[PDB]
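Okay, here we've got a single chain as structure tokens, the form deposited in one PDB entry, with questions on binding and movement later.
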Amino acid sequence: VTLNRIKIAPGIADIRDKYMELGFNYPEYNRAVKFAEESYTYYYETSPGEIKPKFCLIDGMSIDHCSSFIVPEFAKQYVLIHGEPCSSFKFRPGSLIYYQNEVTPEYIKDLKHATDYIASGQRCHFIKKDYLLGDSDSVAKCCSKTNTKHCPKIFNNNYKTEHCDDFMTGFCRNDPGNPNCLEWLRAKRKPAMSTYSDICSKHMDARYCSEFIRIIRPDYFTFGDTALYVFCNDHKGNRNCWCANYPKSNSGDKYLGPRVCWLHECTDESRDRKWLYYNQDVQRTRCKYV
């Protein structure tokens, strides 16, 4: 078959819709196929959680042509999935051939086998998901919360999930007083409690280790006891370690357990309880005074 007449007829209401007035020698092939072109610059969804621009991605066409019709800031949270099969014009790529009353699914196939006027492809179809990180630095900015602009919720949920745990172990070791690090520690997962156990075995005197002890008691008190043991062994002369590791005996266990109330310095209410072991501190509250 050979084409002899071509013309673009405007649509009724939507400017994007137009008609392709086709003329052939066999009058049975003469038809007015309606097609859609472009769309808008979507910063909104066409369906719940979907953006389907009026564009037929022809097999072989570049993939970012389908995303030409979305605001880039809005498109950051959308992924391009497979679309329904569609038809287009080879000379006018991207057009969305409509399957209407006269334009049947069979007709559009007969034309493609006839002449090189029609290509085939899949429909544009975007699905709402979340922000897509691609760098190690993007993970760092989201987890450290120094920049939370294009962060998915799994990396910006106040450490409610464990996605940031691996980054925060090294990040908080370098800056244990960071307020976001204490929030990460309040989630009370093993990586955070182990990290601050190593930190406070060296810096138990610091103020953030007082918070560490308060957070982990009484649910995970062992992470504080091991840190206090290491700290008061490396700092056996420190007066703050008098009750946890008595310096004038070989073992330093003079005031452990119930023996904690045998000295007033160990039961002094003005002392931070990080300087006693957990159960040692519990026995302090059960001391019988006269």
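Just so we're on the same page, rigid core means the largest C-alpha set that superposes within 1.5 Å between forms. Note that residue numbering follows the sequence shown and begins at 1.
Not on display, but discussed next: the form deposited in another entry.
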Taking the rigid core as the reference frame, is the Cα of residue 49 displaced by 2 Å or more between this form and the one not shown? no
Aligning on the core only, does the CA of residue 179 end up 2 angstroms or more away between this form and the one not shown? no
Exceeds or equals 2 Å, Cα of residue 194 between this form and the one not shown, core fit: no
